[PDB]
């Protein structure tokens, strides 16, 4: 019986998944995707490419309606009619949207054709994750839609410049993406929510802080950690939480509106908020660690180099620049790494970098790699520790 075989496959893979850790589950999930692609028929391939698109659009609709937030807090299954009436949606439209969502696990459909939250419902109700889905829809999809014709009309150039990539066609502007976004209020607002999502795990799970510090001393008034473009300051918060008695200043640097949004959730003491544009010379001199997490991936080499060159003059011999970012392998890179690469190429003109490419970029700033501490698998994120050459 097919039904019996399929249910047995689900039972065994669930049991294997439960018994491993997050990294093993990620490896199982990638293997299931690989199996799906290897076993699908030719028309399956076309249907999946034709339709998987639609999930982002329907998630955006559900977010517009407040559906996921609402279903996440309901105590009993809801009919489509109840949901349509509550959320202000046409009843037939609501019913068709809910059936589609149930088929892709965005909600769950009961045996009496009512609706309850799934894992994905709960995810899409979390503000920062909702904001990620909304960002994919309004910022990533237009640049991906523009890329094929952008490349064709330009005879397939190597993209190297933030002011000359698919973004400019997609949004009919000569501005680079970051400059243009900062002129668009609703888009800015969605980004500020996006910063509230903290990734797990983080570099402190494998970073040997004591070993890296050695005998370093914080007197007088030296900084232990300068978080450059630190956003809500999650790295500063976690560092103070794990090492509450390490001396040295811990400093969150970002632009004033971001530091303003961070104040609500910062500890009342132990972390300084310091407005600072990372395209300008670094004000804190001789800090132990200058930390750049998910910063330099967003810039082509020329601009990423300029960001590093604003920091290096502030370093002393004990200073390190810690780049915490993706470090895809030389071969066999996974879909999240390469898909990121194609997206940031299209929007920002930038690229993912292997270890060798990070080293080549850093050497242009007069830095050499001392240590690399990976903390996620199988997609590689690592804290790369650089010193002056």
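Positions refer to the first chain, counted from 1.
The mean Cα B-factor in the deposited entry runs higher for 359-367 than for the other of 338-346 and 359-367.
Averaged over CA atoms, B-factors in the entry run higher in 197-205 than in the other of 117-125 and 197-205. As recorded in the PDB entry, 313 shows the highest C-alpha B-factor of the residues 142, 229, 77, 313. Within the listed group 307, 262, 131, 294, the record reports its top CA B-factor for 262. When all modelled residues of the chain are sorted by CA temperature factor, residue 11 is found within the lowest third. Annotation for residue 184: CA B-factor lies in the highest third of the chain's modelled residues. Residue-level temperature factors show residue 191 in the highest third of its chain, judged at the C-alpha atom. Among the modelled residues of its chain, residue 382 has a C-alpha B-factor that falls in the lowest third, as given in the PDB entry. Among the modelled residues of its chain, residue 282 has a C-alpha B-factor that falls in the lowest third, as given in the PDB entry.
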